[PDB]
Structure formats: structure tokens, C-alpha cells
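Here's the structure, in C-alpha cells; my notes come after.
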Protein chains: 2
Amino acid sequence: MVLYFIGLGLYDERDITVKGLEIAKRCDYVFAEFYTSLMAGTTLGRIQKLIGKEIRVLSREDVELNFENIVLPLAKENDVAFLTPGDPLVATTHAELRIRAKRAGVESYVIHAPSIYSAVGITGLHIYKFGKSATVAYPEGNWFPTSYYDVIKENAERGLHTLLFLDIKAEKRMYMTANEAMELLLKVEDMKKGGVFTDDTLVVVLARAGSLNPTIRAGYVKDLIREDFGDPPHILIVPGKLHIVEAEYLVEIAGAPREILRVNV
Amino acid sequence: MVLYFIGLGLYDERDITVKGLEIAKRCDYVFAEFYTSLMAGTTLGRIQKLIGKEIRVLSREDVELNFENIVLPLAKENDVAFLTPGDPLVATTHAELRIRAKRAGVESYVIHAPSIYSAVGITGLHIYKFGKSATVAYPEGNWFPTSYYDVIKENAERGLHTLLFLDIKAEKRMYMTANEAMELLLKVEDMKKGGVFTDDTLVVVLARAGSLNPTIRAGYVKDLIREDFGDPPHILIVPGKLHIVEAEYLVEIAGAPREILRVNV
Ligand SMILES: Nc1ncnc2c1ncn2[C@@H]1O[C@H](CSCC[C@H](N)C(=O)O)[C@@H](O)[C@H]1O
């Protein structure tokens, strides 16, 4: 008589919270989606082993078009869980699924898990200083998305940092790298010419957050644009004006150029 | 030779991740701090029993002044864990501790966990629309801090949501309630007259995130200012203009009045 939205966390099957695991273990049916993000350190099998249940994976269409026909029916007579990478309600449209649950007479509960949205704290940048976030989407056909560029501009003007979620084509197994994101931004800059993103812009890259050894790198676009940051997923950040302590961490932990220590107040 | 920064999550002892628990269990020494925030749904005793290790609590002074004399020495020759509420490094002062570790010749790794910063996704508000964050501090003596009011103004002005962390006297375990925060903001408004926070302002209250029964309420200040949102902790959010999908979730899940579907969209 219930539906649980349970996050699996950032990188592997152990990133699920103890709360989420104990609840999942007792559910009658377990569903999941793996298109909203990439968990690079585990497999469906390892997750199934940990929870001790068979997991039915749903596609974007299964969820967005038939969540109420595939999941909710069973939730009316059983305890059902719906697993997702990271936190189920961060940078996804899953929140609306709670309304479908309500209209189907199914109570729903949310179990949080580590999210990339807060994990960026590991870059040393103050979390409260992050402004509006955006997603760098792959251009398609004659369409070239550029809204993420304006987000950076607006935040930077306020001295805020910008978190850039990178695109993902789960079914095609394509995961945008920070390198590709940088290349796209430089092209948008050539078009709008707002001096927002150039070869001299300081950026931070975080790859495989959640693993024990994620790649954390800070430096100028000209220097990092061709650097190997390892396997996906990747996230790109364009810092605003830095506090001295943020610069110190970027230098000491993320290998940034020591010159950024000399902040221009 | 290794120091592990492990997040305890949102509310109780089960909000730690499976990864964090297993690592904490195999650590020779386990330290923890409860000054950046508290774990309202559990106790030190319950956390200790779960980890199966003695936990030495450290004060703000122990950490800020003597982290390198209390924690690092043992981490130099043993596996040491440093537990913190929420997600490690979201609190601004945590990051610097990794630099101290580096200088002492000690390796450090971060084990993430759910943070209120990302858990607000349960309010139905799109995470990318959250702007700069702020903390509402209790005024005292002749000191009346109001920077948090300006943060709301700047965010709402750009159509962004404002997450307001509420003050907490960790040592005395005193939590500021959403009600007190609303009263304070009305007080600041009466002072600055910026038309930023009034009886007609739409707000969202999230209490006990992480719990299976959090209180999620949305409505106008005039109606929520004296409402009972349950036990701590409380988080207050002043959303910017709403996407219809956000408004529908607030109405269906947070009990918001239908009026927001026309006034705040
Ligand atoms: N472990 C990780 N490391 C780096 N980026 C990550 C990441 N997990 C997610 N992302 C980033 O976020 C995008 C998915 S957005 C969905 C995020 C998810 N609900 C969460 O709470 O984390 C990815 O394409 C990537 O750019």
C-alpha cells in the first residue's frame, strides 16, 4: 500500500543510505531508472545483490508515459520502490510522479541519497555561493542550446558560482565530458561575445564524485580543455569571484595555478 | 595514514550511507562534530551503537583550533573517521580541514551523504532555480544582521528561489523555527521597506527532511506565520516565480492554496 522513491547516490551501490537499503529490502517489487544520471562504479547486478531483489529497469518512456500503468498498479496492493541514481528529486522531473501516486490512491515517501548538487562541496567552493544552475545540452540538428551561457553570465555578475550539469544520452550511452562542455561554451562565446567564457576563464571539473578518488581539477580553460579527466560522469563549474579560502583549496587540492591565490578584491 | 570525512545525512542514524557505515566500522578511531548542525532524529548513543565504535565528539574550538593535534596525529598511523551531519564540506569551514590533513602528510577521502541543500528537492521546487543561499541569524544585543533579506531580494528579482538555513545554537540545542524566521523577515521588511517579504509573500516550509514524515507546507506568510510545523529542524524557502509544475506540486503535496496557481506563476 505504498510507493517509495529511493535514491542510490553518486557512484556505486553503497552510496544508498542505510535507511533506503533497509526499506528496499522489505519491498515486494523494486523498479528503477538509470537514464537521469550515470553511476560509474557499480552494475545492476551488484545493486540487486545488495538489496536482495530483482530490479525491473524502466526507460524514460516507461516512466514519463506509463509510470501509472507499470508501477502504481502494484503499489496499490504492495510495498513498491522506485530507485534512481543520486537523489530522486534533484535535476529530474520525478517530483511530478508523486502527484500520479496521489491520484492513484497510493501514499508515497522519499528517501534521499548523496546528490551531485551538494557533492560539489568537495571542490572547496562555498555551497551558499552557488547561484542558478544549468545544463549543457548536446546540440541537435540545426538546434544549438545556449541558455546555460546566460546563466553563467547572470551568476558571475553577482559574484556567484555556476554548476553546470552535463548532458547524458543513456540509451545511446553518451556522457558529455567537461572537455565537450568547454568546447561548446567557447563557441557560444564567439556568438554572443559577452566575455563570459574564454580561454582565460577559471573553471573547475569534478569527475566521478562519490568514488574514493574523484578527479578534482581547477585551472584555465585553455589549459584544461584537452586534459583527460577520466571516465564520466563529469560536472563543470564556472566559479564567480573567489574567497581567499576557496582559492587556497583549489590550489592545494585541485592543482589550480598558484596565481589565483592573489584575488582581486 | 588515512582520514575519512563521513557524512551522517539529514535526520537520524540511518541517514549515513552504506559506504560511510562500513568504512566507519573499520576505522580505528571515530570522531564527530555536532556544531555545524545537529542530527535531531537520533542521539550520539544510537549512532555509536550503529557504528559499534566509541565516538569522540569535538567542539568548534577542538576542530578550528586543534584539529591537527586531536585528529591528525592518530590519522597519521591509523584509519580515522570524522563524522559530520549532512554532506561533508557543505559547511564552509570543513574544506580547509583537508588542507590541514595534506600538510600533516595524511590522506583524506570524502564519503558523501544527503544534504538539506539537495533534499529541498522534495518541496517540488526545481533545484536549478535555487539561487544564492543564506542563513537567518537570531539578532542579539545591538546587533541586527539582515544580509539574508538582501539575498532573497536579489534571487527573487531574477526569478530564483532562496533557501534559508535557520539559526541553531548547537551547543544549547536551540533551533530557530520557521515561525520565528517569518517574524524576523517581517521585522526586517518593516525596516528596509523593499517589498521583499510581506504577509502576501508565498513561502515554503520543510521540517525534518530525511524523516519518513517530514512536514512540507506552502502558503502565504499571513496564514503560515503561526502554524505548527512540528519538531525541528525547520528550513524556510522563499520561492521566486513558479513554473506551473512547481505550483501544482505545492498544491497537491504541500497543501498550498489554489491561489498560487494564478498569483505566483
Ligand atoms: N558522481 C557524479 N560525478 C560527476 N557528475 C555527476 C555525478 N552524478 C551526477 N552528475 C552530473 O549530473 C548529471 C545528471 S543530473 C541528475 C542528478 C541526480 N538526481 C543527483 O542527485 O546527482 C550528469 O550528467 C553529471 O553531469
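Header says: X-ray crystallography, 2.0 Å.
Note: Cβ is positioned from N, Cα and C throughout, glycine not excepted.
The annotation S-adenosyl-L-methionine binding site is assigned in Swiss-Prot to A:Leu10, A:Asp87, A:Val90, A:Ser115, A:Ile116, A:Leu166, A:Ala209, A:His234 on the grounds of sequence analysis.
Location within the structure of each feature annotated in Swiss-Prot.
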| residue | record | Cβ contacts under 8 Å, 6 or more apart |
| --- | --- | --- |
| A:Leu10 | S-adenosyl-L-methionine binding site | A:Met39, A:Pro85, A:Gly86, A:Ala113, A:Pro114, A:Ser115, A:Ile116, A:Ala119, A:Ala209, A:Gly210, A:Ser211 |
| A:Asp87 | S-adenosyl-L-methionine binding site | A:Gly7, A:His112, A:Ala113, A:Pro114, A:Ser115, A:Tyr117 |
| A:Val90 | S-adenosyl-L-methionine binding site | A:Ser115, A:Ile116, A:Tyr117 |
| A:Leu166 | S-adenosyl-L-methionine binding site | A:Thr135, A:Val136, A:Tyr175, A:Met176, A:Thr177, A:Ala178, A:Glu180, A:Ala181, A:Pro232, A:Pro233, A:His234, A:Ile235, A:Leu236 |
Short-range binding-site residues relative to chain B, from A:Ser115, A:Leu166, A:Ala209, A:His234, with Cβ separation under 8 Å: A:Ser115, A:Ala209
Other CB atoms, at most 10 A from the CB of A:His234 (S-adenosyl-L-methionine binding site): 23
Neighbouring C-beta atoms (10 Å sphere around the C-beta of A:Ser115 (S-adenosyl-L-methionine binding site)): 31
Candidates A:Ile116, A:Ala209: member of the binding-site residues with the richest Cβ shell (10 Å): A:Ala209
Cα-Cα distance, maximum over A:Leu10, A:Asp87, A:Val90, A:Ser115, A:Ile116, A:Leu166, A:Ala209, A:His234, record's S-adenosyl-L-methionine binders, Å: 17
Where A:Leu166 (S-adenosyl-L-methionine binding site) sits in the secondary structure, as DSSP reduces it to three classes: strand
